[PDB]
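*Asks:* This one's a deposited entry, sequence included:
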Amino acid sequence: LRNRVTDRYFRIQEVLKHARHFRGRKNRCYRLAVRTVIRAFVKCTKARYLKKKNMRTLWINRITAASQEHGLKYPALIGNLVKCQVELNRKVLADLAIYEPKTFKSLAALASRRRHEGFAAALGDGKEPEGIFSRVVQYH
Amino acid sequence: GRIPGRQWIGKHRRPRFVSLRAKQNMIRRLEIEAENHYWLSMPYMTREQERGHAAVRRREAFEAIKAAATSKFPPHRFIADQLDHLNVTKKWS
Amino acid sequence: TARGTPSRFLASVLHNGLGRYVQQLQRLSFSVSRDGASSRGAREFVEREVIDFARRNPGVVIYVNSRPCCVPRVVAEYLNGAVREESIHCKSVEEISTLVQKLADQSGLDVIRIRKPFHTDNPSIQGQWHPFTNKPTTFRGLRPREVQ
Amino acid sequence: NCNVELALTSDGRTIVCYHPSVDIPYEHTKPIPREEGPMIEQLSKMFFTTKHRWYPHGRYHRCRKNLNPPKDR
Amino acid sequence: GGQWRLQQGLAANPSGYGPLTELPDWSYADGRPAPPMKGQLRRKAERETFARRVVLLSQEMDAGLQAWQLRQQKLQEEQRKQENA
Amino acid sequence: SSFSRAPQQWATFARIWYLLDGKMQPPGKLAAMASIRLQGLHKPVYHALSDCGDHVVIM
Amino acid sequence: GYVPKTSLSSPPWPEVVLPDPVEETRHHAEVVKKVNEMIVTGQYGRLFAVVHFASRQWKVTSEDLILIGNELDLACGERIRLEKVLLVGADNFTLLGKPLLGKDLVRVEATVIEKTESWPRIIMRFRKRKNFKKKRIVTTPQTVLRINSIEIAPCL
Amino acid sequence: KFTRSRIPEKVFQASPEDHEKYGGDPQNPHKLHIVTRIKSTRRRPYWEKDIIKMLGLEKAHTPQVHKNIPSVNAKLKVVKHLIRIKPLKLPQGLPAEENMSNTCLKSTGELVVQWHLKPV
């Protein structure tokens, strides 16, 4: 047995240290543990995409809850903070909804105001003055 | 309520219907398509005027390709690599 | 994975940039072998950069020894008493100098998962939300179907 | 609810919102007034939950619970 | 909401060009400007190469037109001169 | 703001009772309002595991 | 033109009439004068600010921490003036910009505390029945900032 | 058999209703196209994958400037359902060497050679 592998304990414990919190003989026996630990690492690397996706639908749920509380909806709040060139993202808005609700009150009121201006400026088509908050900022 | 073979292959298939989503999506791709049809209609040079207007730039670009193919040859070999490797027995006295 | 690994919230050590910044690394212990091949690059660092490094940032005290029991090494000790021990086995001078600045650049806190990318301790100014922030009051505090 | 005073500064590159905190009026306020199975029914109906939340659980499950977890904020 | 952005001449994606990508994110408290961001260096260089190509193409187009006018005028000079003697 | 830790948390998470008259109404608009309020989807504190749902009394 | 009041004549959302621009600019002048006269006298408490740093916006209160997934090429402890402030709020007013508040109005300053690696992040690919199995470990660079000042100028 | 498709000539002869709607002038036609790819070439025949590589449009939603000559017109016409063609407008002059660093492409198709970002 001119040279046989002596360094094998350490392969097995590379793999078995990521399996100690498992259930059943997958926490202790190597063939079973190999399968499940590879399966664990694969789930980790697809769960990065699912973590970003989960975070954004949680933000949409919270902002919807706060703006449904202030009369608006989610589309009215977002698609009217767009039209004022207010570029907050969802994370900021959901944090504002929880921790600073007079500022969310201000945002929901501004969004509804700009909504009614963006219809009443669009209800009287033809030449008029434009609305107050329908005035854009050009960058040149 | 079963579809006989596989759902979307065969003689008998599960029916698929057109949402207003699908009609709107297809109609707006048609609008983009139509503007493309418009702008491909006013060509600047006529087909005789372009004959040769950039032969020089194509020939120089191909000479770059051609001389980029032939300038291929093994790398230079130096001494300092060899003796740089004598350094792997180096110490402090 | 992350379910397997410990996890900690984000922190400083002791309000580390509020009043003044404190260089959080105390010690380093290079242990470079005289006649040893694995410490080759480490020895070059000691002749080349470690005086410049020790003069660049004086908050650290630096010990250069000979003959470790296993592997040439840096022993970084921080002001929360943590020890990070890195092996500089078979490394060139570039990699060692980046690792030593890596050690200086950090705080003693572990390199386990940080649960949040942010840490506020006074999070809320206009008052945190409770179900009675925006709800309107009644008259005489009555509830629905309350007679008088 | 919303009672805020919204404005632009004159140039129109900011939006200033004025929102004071409105206190609750005094009139809108009241004066202060001065076995094991049947166990799980009584607790469930006290706390409005299903029975399953109060059934105990194994040593193995109680042995994965972290008892020095990180706090924050 | 990026159809409204396209109508107004803003970009559909506000993280494209705008103040929120092409201003610098930070500066020293003393007032010294930052090193330029490596994304912004990359994007300015993309913009460089694009404008270089537009200039090259425009020169090739109009040089082709002028060369065709020269071919026609020299042909007509030869037409008028071969109708002599 | 400026509550103590336990009362600020107690104010935030503790549950509310909502009456909801059901006369002449369809059972699905009642169900849609009541389902949103039973899950906790009317709170900006909403998390799936938070167990933040409220009480609904449909008469 | 006149329509009797039936079910579907006037749509169910409420009718609000936009005020004329003259008294509305009078109103805006009154509001801006109130808010600026608060700012000149310090009638506010502590401030928060939504700030568009590295690629994503943070809600930043003074005296706190922000972890940023890149190496910022700044020596440790070094002060920074976080430009691109895009909301600044207090207990009794806010100021949001379109999209950015001016640099002449809000100063937000931070420091760089620490410049770490992250934890090792495992990237495993696996395709089955195909002997396809790859593993990578990525340690990302991270820098932690501490935000010191949110100071507001009364230039409205 | 599905094959290549000759598009009839009459499709690319615009009417005056076009010239009112779009902003073109049939007299004095424009310099260059800005072409965007908006539709992947997967699930498309190999000749359209070839022409997308030849036009340099590989990355979706990336503008590419192409000459308004007939030859580029023919390559574009085969792949006109994958792309978007806008005229390259020049409001000012084309960028001289001085400002050719400090340029911009505007979404309306036009290239403005002075890149500011300040309030006006």
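*Replies:* Perfect, thanks for sending it. Residues are numbered from 1 along each chain as shown, chains lettered A, B, ... in the order given.

*Asks:* Identify each of the helices in the chain and give its residue range.
*Replies:* By default, I'm working from chain A. A:8-16, A:30-69, A:74-81, A:90-99, A:101-123 (DSSP state H).

*Asks:* oops, I was thinking of chain H
*Replies:* H:16-21, H:46-55, H:70-78.

*Asks:* And the second one, what does it pack against?
*Replies:* This means helix H:46-55. Contacts defined by 3 or more Cβ pairs under 8 Å, 6 or more residues apart in numbering or on different chains; DSSP states H and E place helix H:46-55 against helix H:70-78. Just so you know, the C-beta spots here come from the backbone N, C-alpha and C atoms, and that holds for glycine as well.

*Asks:* How about the helix it packs on, which residues are buried there?
*Replies:* The neighbour-count check on helix H:70-78 (16 or more other Cβ atoms under 10 Å in any protein chain shown) flags H:70, H:72-73, H:75-78 as buried.

*Asks:* repeat for stretch F:14-21
*Replies:* residue F:18.

*Asks:* Can you tell me what sits against that stretch?
*Replies:* Stretch F:14-21 is contacted from outside by C:131, C:144-145, F:30, F:33-34, F:37, F:52-59, using Cβ atoms under 8 Å, 6 or more residues apart in numbering or on different chains.

*Asks:* any idea which element residue D:16 lies in?
*Replies:* Per DSSP states H and E: residue D:16 is located in strand D:14-18.

*Asks:* what about that strand and chain C, touching?
*Replies:* No: contact of strand D:14-18 with chain C (Cβ under 8 Å from any Cβ of the partner chain) is absent, the minimum separation being 11.4 Å.

*Asks:* Ends of stretch D:55-69, what's the gap?
*Replies:* Terminal residues of stretch D:55-69 are spaced 24 Å apart (Cα to Cα, to the nearest Å).

*Asks:* what's near enough to touch residue 41?
*Replies:* The chain I'm using is chain A. Per Cβ under 8 Å, 6+ apart, neighbours of residue A:41: A:18, C:1, G:122, G:124, G:126, G:135.

*Asks:* Wait, chain F was what I had in mind.
*Replies:* A:61, A:64-65.

*Asks:* Name the nearest residue to residue C:16, ignoring sequence neighbours.
*Replies:* Residue nearest to residue C:16 in three dimensions, not counting chain neighbours: residue G:113, with 5.2 Å by Cβ to Cβ, 6 or more residues apart in numbering or on different chains.

*Asks:* and the angle for the helix or strand containing the one you found with strand D:14-18?
*Replies:* Using DSSP H and E, residue G:113 maps to strand G:106-117. Interaxial angle, strand G:106-117 versus strand D:14-18 (axes from the mean of the first three to the mean of the last three Cα atoms, to 10 degrees): 100 degrees.

*Asks:* ok, the closest residue to chain F within chain D to residue C:52 distance?
*Replies:* Residue nearest to chain F within chain D: residue D:48 (7.4 Å; Cβ to the nearest Cβ). Here the criterion is Cβ to Cβ, to the nearest Å. By it, residue D:48 lies 69 Å from residue C:52.

*Asks:* repeat for residue B:71
*Replies:* Residue B:71 is 42 Å from residue C:52, by Cβ to Cβ.
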